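**Q** Just need the structure, nothing else, for what follows:
(11 chains)
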Amino acid sequence: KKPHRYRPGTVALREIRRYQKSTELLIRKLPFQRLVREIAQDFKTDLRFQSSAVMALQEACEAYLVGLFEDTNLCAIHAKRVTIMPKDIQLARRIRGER
Amino acid sequence: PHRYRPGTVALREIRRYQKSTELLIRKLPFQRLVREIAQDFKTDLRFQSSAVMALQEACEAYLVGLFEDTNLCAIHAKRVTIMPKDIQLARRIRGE
Amino acid sequence: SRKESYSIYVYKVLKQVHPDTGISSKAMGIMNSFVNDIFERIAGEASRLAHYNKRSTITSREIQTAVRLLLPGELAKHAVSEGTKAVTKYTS
Amino acid sequence: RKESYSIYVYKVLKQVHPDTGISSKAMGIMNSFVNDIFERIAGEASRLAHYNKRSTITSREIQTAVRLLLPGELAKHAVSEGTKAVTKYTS
Amino acid sequence: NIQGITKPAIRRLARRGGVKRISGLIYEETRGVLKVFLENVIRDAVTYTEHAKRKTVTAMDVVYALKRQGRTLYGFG
Amino acid sequence: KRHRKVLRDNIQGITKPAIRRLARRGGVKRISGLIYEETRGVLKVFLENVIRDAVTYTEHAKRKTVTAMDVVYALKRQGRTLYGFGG
Amino acid sequence: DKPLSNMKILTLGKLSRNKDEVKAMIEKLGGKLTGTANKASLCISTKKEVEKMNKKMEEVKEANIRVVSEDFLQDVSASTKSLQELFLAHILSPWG
Amino acid sequence: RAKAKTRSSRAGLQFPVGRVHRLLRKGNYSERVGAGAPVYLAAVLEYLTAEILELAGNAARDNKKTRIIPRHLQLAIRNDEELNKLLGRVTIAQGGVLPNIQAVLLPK
Amino acid sequence: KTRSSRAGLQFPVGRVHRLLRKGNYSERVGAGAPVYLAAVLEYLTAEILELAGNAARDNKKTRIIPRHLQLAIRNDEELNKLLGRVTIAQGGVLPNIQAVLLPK
DNA sequence: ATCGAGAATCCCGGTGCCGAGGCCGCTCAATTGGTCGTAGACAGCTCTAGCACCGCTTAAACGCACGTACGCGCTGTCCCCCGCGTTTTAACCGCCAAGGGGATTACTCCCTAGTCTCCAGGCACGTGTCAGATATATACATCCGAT
DNA sequence: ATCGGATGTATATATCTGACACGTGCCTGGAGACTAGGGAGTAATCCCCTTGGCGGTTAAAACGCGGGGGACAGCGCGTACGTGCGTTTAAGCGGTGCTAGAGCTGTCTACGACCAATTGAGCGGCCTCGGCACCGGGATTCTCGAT
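**A** Residues are numbered from 1 along each chain as shown, chains lettered A, B, ... in the order given. For reference, the structure is listed below:
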């Protein structure tokens, strides 16, 4: 008997339902903290952090990226593409006044 | 008899109106519109002439930038022709 | 050391709208965040109004005006009605 | 009566380009720019004051407000200029 | 009344906006958007006018309205 | 005097499947692989601007430690007001 | 640098940079472009045109105006070297 | 002296009219503050609070939860045109986003 | 004497101080604050007028006009960053066509 | 075309916990209740800028024709993305130890506000010219077939 | 492809007018020279919360292997939009004239600030318990590859 397999993109729809249902953060905690610390250490030495400050940054960044990807989604859809491409982000950010 | 090709004079028009700064809408009917709009927020209103001019500058500027976004939307859609969906996309991305 | 918050007033309002219902501390922190922001928005515009009209005083007129600028229509009208009713009651 | 920055702007114009004039509408726009930036800086300086319970806006607030508002090379140059002007005023 | 915003004016606006080619459906859509944009500004402007107890709108009312609506216009302060 | 190991290249720790989960919450069905590095760049810039101003509030406070309020102020001035950490 | 001064530099012969790029280089360099050899200072082209020898370059040769390979533009847009020597460095006019 | 009575109680409000007046004075917004202002402000804030918490409590009830959580707030906010317009540039910690998929992405 | 003269500036330091006080920004304003602020404003003024003067010279005009300001402000990245949400009366836009729209 | 595996999802029920709700001391922040100076509400006056309406010119908008090139429905084919199995690998969690710096308190004084007297920087408003708008004729730039 | 028709564009010369560049009269707001009350600077002290690191588990990430459906190059063909001529119309302009109301001046007094006595309100700490989470098993949904 052939093993079961979902059709391509069917699980991606299930994944959309999943991560749209949950509130939970999506990035690996400590790596995100390491990145934030790395970036900060480029502005001034030995900078210390409240735990809360890190969590708030991850919330802010994830939310920003998510809304940005929604615009990106529309940009591909308007281009009749099912699939997102860097140009979608660029276009959206340009319309947004980030560029 | 002579002709230009389609779009050639349109590119000439872009050069014209991008080199120039003149306001593009007719002054009188722009004012007429403003007054009837205002009548719904309050009766019997009046205006500084400068406020009309300032409004026209603002509106034409808002429209121009929005049209550049619209142009970019069509271009991203491989069209050279703008369509209402371009504006809608831009306004939606702008969060209007 | 001593802090302050809106939280009890939010909780009283909560009991009034939904007697049976509770709220998380993080959600209450969000409610405090909301109260702070909207307060600050109003107060800034009230200041600007007073400034533009050379008034030393921020008054009921400023709050009413600031609300009429800041809020969408029906939300603003309910808010205007409430604030007016509270002022007339307070005056009595 | 009616105040403006205009004569000071005019002296700056004379400094950078002696032979060059300005239109009334442009000088109006200059006043708009000055007003805007003054408000931006002062508002952030006020917020810094609140955020640190300070009664007083000082050079340090202005320097910081500049560091928040201006992009890089403008901020550096503005900081240098403000530091210089403060130094000269102090002497 | 809004139809006084002429087709060729909208074209000139699109041309300053660098647009090459134009669907007719744009013109009515543009009029709709413009009307909304005007309305939002004007409402706040009239609100400043009314707050000031004026019957006459000033350019400053427009300035303050545009500034709080995030579109600060230099040249009328 | 006891520091942690120095930080380099942690932008790569922002994983492909995390970026995908973010895009999925953003309703994206199908993703070109070119997105990952571009996203990393955008995020890196986005972070940097907030962090610099946060550090600027920290410096104005004469602090060595960044607070959540520093983050909040940075975000608020950058037009992205976050509820959940005020006071 | 601005090594040129309104020099009405003619452009010919299948240039690999577009005319507006070449114009931007010339005019960043303090120059101006032309289509007219009669009022040109100099001309720039692909070497292929001094092989083709079209009437357009032949008028420049009959004006004895010095002419250079397109990488001259790259070089002046990158270096402060005496144009007199850069003529030699990029020379397509044995004339002049 | 008379028995002490709150400006809030005279206003018929839960929000702290007295604390509001204090904050208005110390907030440097103007040289003077007319007594109707803190009342009107308090009433506004309290109304907006109620308007939020009504819909958030409904969202919680719909979710079969008896305690409000950040998800409910965000949901209620995006599900009203007026709140969403009031809060459009605002982000909510642990709010998530509206469950929403564009029809073109669905199976045939 | 004048406070601006001790500062070596054209901007009105006294008017800046008085503005700061009546602008309600704080209970207090330390003496160097108006000096620093004036220098910042004046510097930015100079940077703008410089570039607008260059633009006017390119336009072969001895007088600065709204066009020149807009042109300068959109040609410099840092000015354009500082002023992105600003609009300028009689500025128009940068002459700009997307390459896709051109012939061939 | 509609019908079975079977994979994922959502639904009852026992545990149990730990965050939310609650109650009590109790500090300071609200209220109470008195001044008082000046903000500002209100009357008055005036002159200016906004509003109305008129006739004439000509720039503009419009209305109609037409063709080309643009949009766009359809097809092939190539791969780059999704899905799924194995691997590894590093994130995660607990708990531990150190000590930097955030937080608070107490002191002392430098300095920003405030006050009066003085006066020149800066403002209002006359006025002369040279900057530049407006042709206008002219010499370039560049588009478009037709070859 | 070049080559010349055309027409559109940018460039000399005049000119003329009126905006801005500058001068004078003058007043008010800056500023010089005081004073002091308290903001905030600096020191000291506490302890808490941040930072580091180690060992163990296992969730997630990475990694590799199909394969199909989405991206997109080509393309046939239908119209709608660009260019251009002729029509008409209403914007514009410079005029006139009106008077509403915006702006300045002036009076008078309502009420927000300042101080000071009082106390209960809201905050901080310490209970205690039920809404929620949590498996865990069980019922329902929905998908796919058959048909």
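**Q** Need phi/psi at residue A:24.
**A** The phi/psi pair for residue A:24 (degrees, to the nearest 10) reads phi -60, psi 150.
**Q** Same question for residue G:68.
**A** phi -140, psi 160.
**Q** cool, and the one 4 residues further on?
**A** Residue G:72 adopts backbone torsions of phi -50, psi -50, taken as degrees, to the nearest 10.
**Q** Report the contact partners of it.
**A** G:44, G:86, G:89-90 (Cβ atoms under 8 Å, 6 or more residues apart in numbering or on different chains). To be clear about C-beta, it is placed using only N, CA and C from the backbone, and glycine gets the same treatment.
**Q** do you know how far it is from residue G:17?
**A** Here the criterion is Cβ to Cβ, to the nearest Å. By it, residue G:72 lies 11 Å from residue G:17.
**Q** does any part of the host helix or strand of residue A:56 sit near DNA strand J?
**A** Here residue A:56, judged by DSSP states H and E, is contained in helix A:51-78. No. Helix A:51-78 stays clear of DNA strand J (Cβ under 7 Å from any atom of the strand), getting no nearer than 10.1 Å.
**Q** isn't residue A:15 right next to residue F:24, touching?
**A** Yes. Counting by Cβ atoms under 8 Å, residue A:15 touches residue F:24, with 4.8 Å between them.
**Q** which of these two has more neighbours?
**A** residue F:24 (24 against 18; other Cβ atoms under 10 Å in any protein chain shown).
**Q** Would you double-check that that one falls in a helix?
**A** Yes. Note on residue F:24: a helix contains this position according to DSSP: H, G, I helix; E, B strand; the rest coil.
**Q** and the gap between it and residue H:97?
**A** 11 Å.
**Q** Which SSE is immediately downstream of the lengthiest helix in chain C?
**A** Longest helix of chain C, by residue count under DSSP state H: helix C:25-52. Scanning forward in sequence from helix C:25-52 by DSSP H and E, the next helix or strand is strand C:57-58.
**Q** Is the residue of chain H found nearest chain I in a helix, a strand, or coil?
**A** Distances between chain H and chain I by Cβ to the nearest Cβ are smallest at residue H:28, namely 5.2 Å. When classified by three-state DSSP, residue H:28 comes out as coil.
**Q** list the contacts for it?
**A** Counting by Cβ under 8 Å, 6+ apart, residue H:28 has contacts D:46, I:24-27.
**Q** and it, what are its phi and psi?
**A** The phi/psi pair for residue H:28 (degrees, to the nearest 10) is phi 60, psi 20.
**Q** and the gap between it and residue B:45?
**A** For residue H:28 relative to residue B:45 (Cβ to Cβ), the value is 34 Å.
**Q** And residue A:27, by the same measure?
**A** When residue A:27 is compared with residue B:45 (using Cβ to Cβ), they lie 54 Å apart.
**Q** ok, now residue H:65?
**A** 50 Å.
**Q** Please name the nearest non-neighbouring residue to the residue of chain E found nearest chain D.
**A** Residue nearest to chain D within chain E: residue E:74 (3.5 Å; Cβ to the nearest Cβ). Of all residues not flanking residue E:74 in the chain, residue D:32 sits nearest, at 3.5 Å (Cβ to Cβ, 6 or more residues apart in numbering or on different chains).
**Q** got the contact list for the one you found?
**A** E:72-77.
**Q** what do you get for residue A:85?
**A** A:76, F:32, F:34-35 are the contacts of residue A:85 under Cβ under 8 Å, 6+ apart.
**Q** If we use 7 Å, what do you get?
**A** A:76, F:32, F:34 (Cβ atoms under 7 Å, 6 or more residues apart in numbering or on different chains).
**Q** same check, this time on residue E:37
**A** B:59, B:62.
**Q** Please repeat the previous calculation with a cut-off of 6 Å.
**A** residue B:62 (Cβ atoms under 6 Å, 6 or more residues apart in numbering or on different chains).
**Q** does the next helix or strand after the helix holding residue A:56 come close to chain H?
**A** Later in the chain than helix A:51-78, the nearest helix or strand by DSSP H and E is strand A:83-84. No. Strand A:83-84 stays clear of chain H (Cβ under 6 Å from any Cβ of the partner chain), getting no nearer than 10.8 Å.
**Q** Mind listing residues that contact strand A:83-84?
**A** A:72, A:76, F:28, F:30-32.
**Q** Tell me how many other residues surround residue 84.
**A** Let's take chain A. 24.
**Q** that's the wrong chain, I meant chain H
**A** 15.
**Q** Grab the nearest non-local neighbour of it.
**A** residue H:78 (5.3 Å).
**Q** and what of residue H:81?
**A** Nearest one to residue H:81, counting by Cβ to Cβ, 6+ apart, is residue C:72 at 7.1 Å.
**Q** Distance of the one you found relative to residue C:82?
**A** 15 Å.
**Q** Kindly report the same for residue E:29.
**A** Distance from residue E:29 to residue C:82, by Cβ to Cβ: 38 Å.
**Q** Same check on residue G:7?
**A** For residue G:7 relative to residue C:82 (Cβ to Cβ), the value is 74 Å.
**Q** In three-state terms, label whichever residue of chain C sits closest to chain B for me.
**A** Chain B sits closest to residue C:68 of chain C, with a gap of 10.5 Å, by Cβ to the nearest Cβ. Three-state assignment for residue C:68 (three-state DSSP): helix.
**Q** Those residues of chain H touching chain B, which are they?
**A** residue H:88.
**Q** and what of chain A?
**A** Counting by Cβ under 6 Å from any Cβ, the residues of chain A close to chain B are A:71, A:78-79, A:91-92, A:95.
**Q** Same question for chain E.
**A** E:1-2, E:4, E:9, E:12-23, E:25-26, E:29, E:37-39, E:42-43, E:46, E:55-59, E:62, E:66, E:73, E:76.
**Q** The residues you listed: which ones sit near DNA strand J?
**A** Taking Cβ under 7 Å from any atom of the strand as the test, DNA strand J is in contact with E:9, E:21, E:56 out of the residues of chain E next to chain B.
**Q** What distance do you get for the residue nearest the centre of chain A to residue H:71?
**A** Nearest to the geometric centre of chain A sits residue A:65, at 4.1 Å (Cα atoms, centre = their mean). Distance, residue A:65 to residue H:71, by Cβ to Cβ: 19 Å.
**Q** anything in the longest helix along chain H near chain A?
**A** If you go by DSSP H, chain H has its longest helix at helix H:36-62. No. Helix H:36-62 stays clear of chain A (Cβ under 6 Å from any Cβ), getting no nearer than 13.0 Å.
**Q** and that helix, what other elements does it pack with?
**A** The contact analysis (3 or more Cβ pairs under 6 Å, 6 or more residues apart in numbering or on different chains; DSSP states H and E) places helix H:36-62 against helix C:7-17, helix C:60-70, helix C:73-91, helix H:17-26, helix H:70-78.
**Q** Going by proximity to chain E, name the top residue of chain H.
**A** For chain H, Cβ to the nearest Cβ, closest residue to chain E: residue H:89, 9.8 Å.
**Q** State the number of residues packed around that residue.
**A** 11.
**Q** got it, and residue A:92?
**A** Residue A:92 has 23 nearby residues by other Cβ under 10 Å.
**Q** helix, strand or coil for it?
**A** helix.
**Q** can you tell me how far it sits from chain H?
**A** 15 Å (Cβ to the nearest Cβ, to the nearest Å).
**Q** Look up how far chain D lies from that residue.
**A** Relative to chain D, and taking Cβ to the nearest Cβ, residue A:92 is found at 22 Å.
**Q** And for residue A:45?
**A** From residue A:45 across to chain D, the span is 17 Å (Cβ to the nearest Cβ).
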